[PDB]
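Remarks on the overall topology
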Amino acid sequence: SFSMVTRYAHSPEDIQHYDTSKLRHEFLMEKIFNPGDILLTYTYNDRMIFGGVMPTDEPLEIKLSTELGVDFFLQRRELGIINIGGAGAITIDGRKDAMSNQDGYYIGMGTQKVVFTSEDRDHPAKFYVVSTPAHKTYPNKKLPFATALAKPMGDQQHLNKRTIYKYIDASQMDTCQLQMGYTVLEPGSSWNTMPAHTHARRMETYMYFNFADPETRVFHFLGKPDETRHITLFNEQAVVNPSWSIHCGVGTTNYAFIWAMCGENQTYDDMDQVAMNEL
Ligand SMILES: [Zn+2]
């Protein structure tokens, strides 16, 4: 009950006649949180590894050495974490730090052992993890939801009314590549990232969760700004957006998602806002 599947990169021109079911196979991770299991995917867009760890009875660790050609998982890599589930803790090189809901952690390169645990076996913590390669070691930082920064954004005229939470951000901390965040749209608002953009120099991954209703749906937009497609998401699913693709979404109700951005730069404003011509 450990899984890591591989996904490739593509030309924009490669996906152009792609059907939905194969669009979903290349870009969408359908199952992320299954009790007791580790579910991760390895994308060749800047080699991001993301997925989820849901420990229940016995604690879990992402144990990967030979597969990545190293002796331990984070020998050459950094790792972000946000817990969207129940109460838990992670022990990091022995230091056990409790993790309550929407608490996050940045763990830099060189950390040998990271064990995730849950406190209650039937109300587990859901650890959404993102690991990205790192050439320099930076300090570990716990990112409490209490300390988590809340920025008002949106109007109801644009149906984007929401609150963004910065977790791993270059202005508040030092990492190599990884940037992480969390967005809750308020009820009555469905649009995320709507005035849209592409960033040639880095990529992003959206993971949608906490759907308002069991029947809620998210339509995540994808593709090159002139040629766009969409994928339809159930709760707790994720979509890799390559550097040449835009990324936005709409729900039938409100929801939340975590964004994880990485690439060769951390500059936030190296990006092209797509004017509204999208065919
Ligand atoms: Zn972006």
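Residues numbered from 1 in each chain as written, not as in the entry; some residues may be left out. Heavy atoms only, no water.

1. Some details on the coordination of the zinc ion
Each donor-metal-donor angle in an ideal tetrahedron of four donors is 109.5 degrees, and each such angle in an ideal octahedron of six donors is either 90 or 180 degrees. Taken together, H197 (NE2), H199 (NE2), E204 (OE) and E204 (OE) make up the full set of protein donors to the zinc ion, lying 1.8 to 2.7 Å away. Coordination at the zinc ion comes from four donor atoms whose angles at the metal span 52 to 152°, giving a geometry best classed as irregular. Sequence positions of the donors to the zinc ion reduce to the motif H-x1-H-x4-E. An identical accessibility class is assigned to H197 and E204; each is buried. (Donors = N, O, S within 2.8 Å, 3.2 Å for Na, K, Ca; no water. Tetrahedral: all angles 85-135°; square planar, octahedral: opposite > 155°, others 65-115°. Buried < 20%, exposed > 50% of the residue type's maximum accessible area, 1.4 Å probe, protein only.)

2. Quick notes on the sheet that holds strand 13 (residues 149–153)
The strand order across the open sheet built from seven strands is 2-21-18-23-15-14-13, with neighbouring strands paired in antiparallel fashion. This sheet does not close on itself; its edge strands, each paired only once, are strand 2 (28–29) and strand 13. As paired strands, strand 18 (residues 202–209) and strand 21 (residues 237–241) are joined by five bridges and run antiparallel to one another. Within the sheet, the bridge partner assigned to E204 lies in strand 21 and is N241. (Pairing = 2+ DSSP bridges. Helix = DSSP H or I, 4+ residues; strand = E, 2+ residues; numbered from the N terminus.)

3. Observations concerning the domain arrangement of the protein
Here the domain parsing of the protein yields domain 1 (1–10 + 33–144) and domain 2 (11–32 + 145–279). Put simply, the middle of domain 1 and the middle of domain 2, counted by C-alpha atoms, are 21 Å apart. At the junction of the two partners, domain 1 supplies 38 residues and domain 2 supplies 41 residues. Buried area between domain 1 and domain 2, both sides added, is near 3,400 Å², and the carbon and sulfur share of it is 66%. Three residues, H10, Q102 and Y128, lead the burial of domain 1 against domain 2; their summed loss comes to 22% of the area buried on that side. Connecting domain 1 to domain 2 are one salt bridge. Here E236 ties to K126 by a salt bridge, and the two come within 2.5 Å at their closest N and O atoms. With five residues, the single largest contributor to the side of domain 1 that touches domain 2 is strand 6 (residues 77–83). By residue class, the composition of the side of domain 1 that touches domain 2 is 18 nonpolar, 13 polar and seven charged. (Domains from an automatic or database assignment. Contact = heavy atoms within 4.5 Å. Buried area = accessible area lost by both parts, 1.4 Å probe. Salt bridge = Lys/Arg side-chain N within 4 Å of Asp/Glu carboxyl O. Nonpolar A, V, L, I, M, F, W, Y, C, P; charged D, E, K, R; others polar.)

4. Examining the state of the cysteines
According to the stated counting rule, one finds zero disulfides in the structure shown. The closest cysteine sulfur to the non-disulfide-bonded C262 is located on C176, 11 Å from its own sulfur. (Disulfide = S-S within 2.5 Å.)

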